[PDB]
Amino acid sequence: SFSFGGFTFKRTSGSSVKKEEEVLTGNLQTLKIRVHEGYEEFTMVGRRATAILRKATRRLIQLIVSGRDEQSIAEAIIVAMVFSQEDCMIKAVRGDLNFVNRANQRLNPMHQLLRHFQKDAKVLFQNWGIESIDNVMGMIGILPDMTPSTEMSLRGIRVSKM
């Protein structure tokens, strides 16, 4: 078990190895991240949302989420998008150079990224991508404005209807 973003993560299948990599954020800062390489599935358990996250190397494959309300679901989706380590999430960082502003505090870069997007996820959601969805009974899309859609969704994301 490990906690991230206030969700308890448990790997339910697969495996990964860690490759240290320097990535360039949207505001041109460098982070040294432990990139997980391989196919994995995780459960995410929160107080107000639960999800199943299937991913590969720097790629969200599927996120199925259920939650108390749109804000709780969005909270789970932000964490999953950061945890994915996707390039479009890295490139969505904007604003003050506040990863650079911290030198000898030697903070965890994945925690820095999540804390950044917890301030304002609009650019993260607008740059993630949307796709057309199959009509799966009990499941619905969620758009970048966090409204439901039966026809389109944020890429790889589906909501299991309360």
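Numbering starts at 1 and runs along the sequence shown.
S.K.: Could you check the entry and say whether 66-74 or 110-118 has the higher mean CA B-factor?
M.R.: Between 110-118 and 66-74, it is 66-74 that shows the higher mean C-alpha B-factor.
S.K.: Averaging CA B factors per stretch from the PDB record, which one is higher: 53-61 or 131-139?
M.R.: Taking the mean B-factor of the alpha carbons in each, 131-139 is higher.
S.K.: Whose C-alpha has the highest temperature factor in the PDB entry: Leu97, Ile33, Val45, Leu124?
M.R.: Result of the comparison over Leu97, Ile33, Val45, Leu124: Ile33.
S.K.: Among all modelled residues of this chain, ranked by Cα B factor, put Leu28 in the bottom, middle or top third, i.e. lowest, middle or highest.
M.R.: Tercile = middle for this residue's CA B-factor.
S.K.: Taking the entry's C-alpha B-factors for this chain, is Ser16 in the lowest, middle or highest third?
M.R.: Its C-alpha B-factor, which the entry lists for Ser16, ranks in the highest third among residues of this chain.
S.K.: Lowest, middle or highest third of the chain for the C-alpha temperature factor of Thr147?
M.R.: Ranked within chain, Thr147 CA B lands in the highest tercile.
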